[PDB]
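One chain is shown next in structure tokens, namely the form deposited in one PDB entry.
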């Protein structure tokens, strides 16, 4: 006695509300990577929550985890990471695109943590959020790959921003008298406008604020080194007048920081060498007392740097005098206990190691819906 399956009996699916998952057919995967990564321009996403691409990706992963489909998990992620890399090799000079994928890569990482299933990443979840966690798969290894990617992307973001700022620094900081009583060019306003633009991009795209703070710490470090290094080569800018101008310039940068709530980034602190050089230029340089004041004050300048500036120092009125050899020797004797670097110039390309925060959010996957403009109609809600 037999039974083929016959009202031909069929397995029907349970009808439930939006779980906040996103299923797709393996055959349609390149269209997905193509419309969600490769061909997605940051500006299409104006008017939605930041990092919707990362949430959407976690929602797809979630479903894949739920159907127990580890081929889908591996495929999707491996393919997404390659898509992003490919977009960044193509747009290797585009600050906006680079920051876009930094932001989204980081949020996708947060999602994989926040919904890992590890209770240590979940302390801040709501019950509803806790039920959007991965059930079957532990994706630790992919989290590691994503962390490596974000570092590579962050480095490309700094490279791009430094490339734009470089040709501006010396001219703006040293070759533009903008205040009274002291006697391709850029002004300081143009550096500040360029930094506004970077900042606005990073904000509009929901980059972690800890990352933003680090970006500007890093760029201020660059201004410090590039300006200081040029000054360590030139007599024509080592005068009290430049000292004051430079200090003023630095204070405008500092006020800019405060205005953007960036003052706790560490950026100010990275300028201490240039600030001390500016002060050194202004100070008296003749007596024993003068030399002691200089040695006490210039704790962030090496001996070689202090000596270079004193050697370069050039009065602008004949009514003032060049620093004497005896004065320099007095400085040299006083700075003996020091252990300074061998190289006169600062390394302007020095990179501070980035610390990426973990910032879980209160977005609920089951309230998230794809905007039609992404042309992902072939995705289906579960």
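Between two forms, the rigid core is the largest collection of C-alphas that superpose within 1.5 Å. Residue numbers count along the first chain shown, from 1.
At least a third of the other compared entries leaving residue 184 unmodelled, is that the case? Affirmative; at least a third of those entries omit residue 184.
What about residue 316, is it left unmodelled in a third or more of the other PDB entries we looked at? Across the compared entries, residue 316 is left out in at least a third.
Residues with no coordinates between residue 6 and residue 7, taken from the deposited sequence as a class: In the deposited sequence, 1 to 3 residues between these two have no coordinates.
Would you class the number of unmodelled deposited residues between residue 123 and residue 124 as none, 1 to 3, 4 to 9, or 10 or more? The entry leaves nothing out here.
Averaging the C-alpha B factors as listed in the entry, name the stretch that ends up higher: 232 to 240 or 124 to 132. The stretch with the larger mean CA B-factor is 124 to 132.
Looking at the entry, does 146 to 154 or 306 to 314 show the higher mean C-alpha B-factor? Result of the comparison: 146 to 154.
Between 331, 346, 64, 355, which one tops the list for Cα B-factor in this entry? Out of 331, 346, 64, 355, the record gives the largest C-alpha B-factor to 64.
At the C-alpha atoms, which of 92, 296, 264, 78 reaches the highest B-factor in this entry? Largest recorded C-alpha B-factor: 78.
Taking the values exactly as deposited, rank residue 74 by C-alpha B-factor within its chain and report the matching third: lowest, middle or highest. Its C-alpha B-factor belongs to the highest third of this chain's values.
Which third, lowest, middle or highest, does the C-alpha temperature factor of residue 174 belong to within its own chain? Residue 174: CA B-factor falls in the middle third of its chain.
If you rank the chain by CA B-factor, which third does residue 273 end up in: lowest, middle or highest? According to the entry, residue 273 has a C-alpha B-factor in the chain's lowest third.
Of the three thirds of its chain by CA temperature factor, lowest, middle or highest, which one includes residue 10? Within its chain, residue 10 is a highest-third residue by C-alpha B-factor, going by the deposited values.
How does the C-alpha B factor of residue 181 compare with the rest of the chain: lowest, middle or highest third? Its C-alpha B-factor belongs to the middle third of this chain's values.
The same protein has a further form, the form deposited in another entry, not shown here; the description that follows concerns it.
Identify which of 236, 131, 94, 148 has its C-alpha displaced by 2 Å or more between this form and the one not shown once the rigid core is superposed. The one that moves 2 Å or more is 236.
With both forms fit on the core, is the shift of the CA atom of residue 340 between this form and the one not shown 2 Å or larger? Result for residue 340: yes, a 2 Å-plus shift.
Which way does the C-alpha gap of residue 235 and residue 307 go in the other form, closer or farther, given it changes by 3 angstroms or more? Relative to the displayed form, residue 235 and residue 307 move farther apart in the other form - a change of at least 3 Å between their C-alphas.
Closer or farther in the other form, the Cα atoms of residue 218 and residue 341, when the shift from this form is 3 Å or more: So the answer is farther.
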